Amino acid sequence: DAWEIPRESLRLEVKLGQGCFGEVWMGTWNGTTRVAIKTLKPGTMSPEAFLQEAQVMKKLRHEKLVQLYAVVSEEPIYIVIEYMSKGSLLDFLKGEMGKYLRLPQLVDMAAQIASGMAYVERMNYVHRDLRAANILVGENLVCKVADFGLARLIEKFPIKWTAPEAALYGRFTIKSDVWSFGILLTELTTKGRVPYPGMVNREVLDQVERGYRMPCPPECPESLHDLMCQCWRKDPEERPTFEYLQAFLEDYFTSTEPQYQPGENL
């Protein structure tokens, strides 16, 4: 198809991350544009299924999603994307710039993810792996949803982010995505800490089933934690939409916490 490109048009430069798929490099494309490239290693993952990520990226275009640019479908295999200068949200949150983030910038970042996910929502897709590690940060604190490896049109998984019904019964929906967004809201409010501190996977599964939910993070306003609790409702279906989350987050400091004053950490 028309996404395909020749190898030579590219050039890889700096290396960025490593996984059991391959590598991630920064680079330039047609020697004029700054790009990012997700390599494969000598056929370590199934070739047809590896490009099933980009297959999905092809049909999604939104300002708050990492934009596909090009593909080299002929071995050695690649996937080329827009470049996100500030790396992953998880690294950002716990790194050196992370400590000066306050509630208004963190709420603004949540708003953007929600805006990106609301688009997924109206496109009838499911992300399946929504979390801080899967969001990229650009310049001006812009945040975009990434790592569509598992995204599906609506037709193991780290239970700490994954809704109960999806971890147990493989029932992934946009509403399981909502659940992960609730956990993503805790990573934002704690500068990037792992949820369910000191709890191990099976401890998390057993406790969540019995209705345990993480408490208000320190200095997080109750109204933001209430939103978290809504996202973690037992019935997938009583959970709010992204569209609602987007709108509630964008308007937060006027409609919900107009009395917010900056604290020690948030």
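The residue numbers of chain A are those assigned by Swiss-Prot, with the residues present covering 258-412, 423-533 sequentially.
How was it done? The header gives X-ray crystallography, 2.3 Å.
Note: Cβ is positioned from N, Cα and C throughout, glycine not excepted.
Record features (Swiss-Prot):
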{"type": "ACT_SITE", "residues": "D386", "note": "active site, proton acceptor"}
{"type": "BINDING", "residues": "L273, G274, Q275, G276, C277, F278, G279, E280, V281, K295", "note": "ATP binding site"}
{"type": "MOD_RES", "residues": "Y436", "note": "phosphotyrosine"}
{"type": "MOD_RES", "residues": "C498", "note": "S-nitrosocysteine"}
{"type": "MOD_RES", "residues": "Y527", "note": "phosphotyrosine"}
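Positions of Swiss-Prot features highlighted on the structure.
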residue : record                       : DSSP (3 states)
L273    : ATP binding site             : strand
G279    : ATP binding site             : coil
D386    : active site, proton acceptor : coil
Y436    : phosphotyrosine              : helix
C498    : S-nitrosocysteine            : helix
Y527    : phosphotyrosine              : coil
Around the ATP site formed by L273, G274, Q275, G276, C277, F278, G279, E280, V281, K295, list the extra residues of the same chain whose Cβ is within 8 Å of the site's Cβ centroid.
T296
Relative to the Cβ position of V281 (ATP binding site), how many further Cβ atoms are located within 10 Å?
18
Could you state the CA-to-CA distance between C277 (ATP binding site) and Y436 (phosphotyrosine) to the nearest Å?
26
Would you identify which of the recorded positions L273, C277, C498 has the most other C-beta atoms lying within 10 angstroms of its C-beta?
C498
What is the maximum Cα to Cα distance, in Å and rounded to a whole number, among the residues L273, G274, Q275, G276, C277, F278, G279, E280, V281, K295 annotated as binding ATP?
14
Among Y436, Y527, the modified residues in question, whose Cβ has the most other Cβ atoms within 10 Å in this structure?
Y527
Just give me the nearest neighbour of the residue listed as 'active site, proton acceptor' among the recorded positions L273, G279, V281, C498, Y527, Cα to Cα.
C498
